[PDB]
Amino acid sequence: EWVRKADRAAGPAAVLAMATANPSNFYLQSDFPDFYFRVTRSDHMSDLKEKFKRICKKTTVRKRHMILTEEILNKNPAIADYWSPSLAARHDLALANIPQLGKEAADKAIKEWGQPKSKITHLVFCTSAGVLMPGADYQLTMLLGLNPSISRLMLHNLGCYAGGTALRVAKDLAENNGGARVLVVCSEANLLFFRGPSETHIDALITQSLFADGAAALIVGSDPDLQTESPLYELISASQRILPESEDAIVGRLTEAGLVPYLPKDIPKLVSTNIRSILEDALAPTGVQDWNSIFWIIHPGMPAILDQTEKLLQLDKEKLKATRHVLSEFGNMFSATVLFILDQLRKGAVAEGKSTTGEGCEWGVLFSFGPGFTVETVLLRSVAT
C-alpha cells in the first residue's frame, strides 16, 4: 500500500551532524583520589582512600572534565559533604552551566550542518544534572536564538540510557514531519551526584570514580538535501526494554542533598544474560550473523560490561576502540557518552580512511542502559565516505 506525503517525510531519519563539548576544567584520574579526598576534607579516612585509588585505576579512565573546581566546591561546602542540604546550590550551578554547555556543542554541530538555525524545527534535550522550570531546553532556545515556535521535548533525569532515548524520540519526530530538523542535545554533569565519601556507602564512592561532564549535539532529519546536507548515519530502528528479574537494580533517589545512587543487583550479569538476544533482535532485519561485521557503541558506564560483552560475543578487540577511547578520555558523561562515542567512531573512520562512517561496516548497534533495568537499542546504518 501507499499514501501521499501530505506533511510527513519519505525516508528514515538520518544523523546529519554531530559535535561535542566539555567544561574547560578537567582532572587526571591519576591525581583524582588526592584531589577528591582533600577537597571533601576527608583525608583521615585513609583506608577508604586506598579503596578509591584501587577503584579509580580499574576504571581505565584517564581524565574527566568537571564544572566543579576546587574554588567552586569551596564556595559550596555542602556539595563536598557526603550528605548535606545542597540541592538549590547544585541547581544554581546547573542553570549557569548546563544550557551553556549544550550551546557549545550545538554551535559546533550547526556549524558542520551548514544550514540556518532557523530551519531547526524540534529540540530534544536530556539532562540528569538539574531539574529546571523552565528547562534547559528553554534556556538553550533563548541562548541559541532558535525559533520561538520550535517543538521542544525536555527529558529530565532518565539516567544513563537517555542517549538512546533521544535518538528514539528524534527518529519519530524527523520521520513524521516533512522538512523537520531536530536538534538533539544531551548536556550532562555530575552536579547532582557529586558528594564526599562515607565508608558506610561504597556505591556512592564508585560513582565518584566515573561520572563526568560533557555535552553532545546532533542534527537529525529525514529526506536530506544531498547537495547541502551530508548524512553520517541512518536511524533504522530504536527500541527500549526492561530486563527480566531486574527490579531495583539501578535506583537514584533525588533528595535534599542531590542524587544518591543504589546498586544492589549485579549489573554486568544482567547485561551478559540478555545482551545477545537483544542484539540479534535488533539485527534481525539486516541479515548479519557475524557480530564482527558491524560497528559498535556500548555505553561504558561499567567498564567490566565492555570486557564481558567483548569475550562473550568473541569480538575483535578493536571493535570497542571508539567506546574505550571516550571512556578513557572523558569518563561516564551520563546520556551524552554514547553520542560522544558515535562521534569518535565517525572521526576515526574518516581519519584511518575506512570506506564507511561505520569503520568500514554497513550496520551498527548502539546500546545504552540505566534505571529499570532499562536498555535502549538503536540499529544504525553507515554512509559511504
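Position 1 is the first residue in the sequence shown; the rest follow in order.
Stretch comparison (174-182 versus 307-315) by mean CA B-factor in the PDB entry places 307-315 on top.
Higher mean CA temperature factor between 212-220 and 255-263: 255-263, per the PDB entry. Of the candidates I278, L153, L146, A106, the one whose C-alpha carries the top B factor in the deposited record is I278. Across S355, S335, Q29, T69, the entry's maximum B-factor at the CA atom is seen for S355. When the modelled residues of the chain are ordered by C-alpha B-factor, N190 sits in the lowest third. In this PDB entry, the Cα temperature factor of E234 sits in the middle third of its chain's modelled residues. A322 sits in the middle third of its chain by CA B factor, as recorded in the PDB entry. In this PDB entry, the Cα temperature factor of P268 sits in the top third of its chain's modelled residues, the highest group. For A19, the recorded CA B-factor ranks within the lowest third of the chain. Only modelled residues enter the ranking.
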